[PDB]
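Presented as structure tokens, the chain that follows is alone, the form deposited without the named molecule.
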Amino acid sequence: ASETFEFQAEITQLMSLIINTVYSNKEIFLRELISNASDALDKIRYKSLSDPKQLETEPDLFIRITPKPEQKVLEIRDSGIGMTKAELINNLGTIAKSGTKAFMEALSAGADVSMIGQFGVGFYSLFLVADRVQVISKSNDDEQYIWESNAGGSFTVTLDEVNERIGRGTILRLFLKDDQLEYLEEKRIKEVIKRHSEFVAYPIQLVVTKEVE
């Protein structure tokens, strides 16, 4: 039973504007999500400093990008701290985010959309290339949950009984817009990663599916 929640008004505004913007450097969404993933891993790593057990649900700290061309889906996974149901609701929607309005104001002023991450709202940059997103998260402190949004004013959080078990972490499953399917390509993903994510403490793995010759 998927629970539905309302996005804080400003977040909804931000999403509508992001998903509708003509911005030409949409690739920054990946830098933003890799950065977030990186942050999630930092959290779990730091947390595990005084609670090593926290790493055992998924010993490997990594960021994995998995293109699912057939579904026009791009997944960015991290074995970071993950988010509990409450955290998904809290962090990804209902709670007013510090910079949401500020960033939008910045944008109005001419700020580059790539500044989104500095306003703490980079997560939403995903709507630059996706019109729908499922944040599948497994926090050590909770079951696996699916937070899903289509940039609309409400999002759902559903106990995850349909996706692969995340030992711990988050999978941002991006349902790419039809004109952004370039991010399903290994070469493209590869170049975007090297361009904006040169300094990431965690291995960034790209899952490539190739037909055996």
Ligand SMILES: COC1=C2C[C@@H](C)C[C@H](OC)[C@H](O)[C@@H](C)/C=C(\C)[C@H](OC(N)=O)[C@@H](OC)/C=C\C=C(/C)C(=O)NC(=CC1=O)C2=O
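Note that the rigid core is defined as the largest set of C-alphas that superpose within 1.5 Å between two forms. Don't overthink the numbering: it's just position in the shown sequence, from 1.
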Note: with structures superposed on the core, the stretch whose C-alphas sit farther off in 5 other deposited structures of this protein, 83 to 91 or 97 to 105, is 97 to 105
Check the entry's C-alpha temperature factors for 135 to 143 and 91 to 99, then say which stretch has the higher mean. 91 to 99
Mind pulling up the entry and telling me whether 75 to 83 or 102 to 110 has the higher mean Cα temperature factor? 102 to 110
The largest CA temperature factor among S38, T57, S149, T66 is found at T57
Among modelled residues of the same chain, the CA temperature factor third for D179: highest
Which third of the chain does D160 land in by C-alpha B-factor: lowest, middle or highest? middle
By the entry's values, the third containing the CA B factor of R173 is the lowest
Relative to the other modelled residues of the same chain, rank the CA B-factor of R31 and answer lowest, middle or highest third. lowest
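What follows is about the form solved in complex with the named molecule, which we do not show.
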Looking at the named molecule in the deposited complex, do all three of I19, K101 and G152 come within 4.5 Å of it through at least one heavy atom? no
Given that the partner is absent here, state which listed stretch (176 to 184, 30 to 38, 160 to 168, 48 to 56) has heavy atoms within 4.5 Å of the named molecule in the deposited complex. 30 to 38
Heavy atom of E87 within 4.5 Å of the named molecule in the deposited complex: yes
Can you check whether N91 is within 4.5 Å of the named molecule in the deposited complex, heavy atom basis? yes
Taking heavy atoms and a 4.5 Å cut-off, does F123 contact the named molecule in the deposited complex? yes
Can you work out whether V129 and the named molecule are in contact in the deposited complex, taking contact to mean some heavy atom pair no more than 4.5 Å apart? no
Can you name the residues of 48 to 84 that have a heavy atom within 4.5 Å of the named molecule in the deposited complex? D78, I81, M83
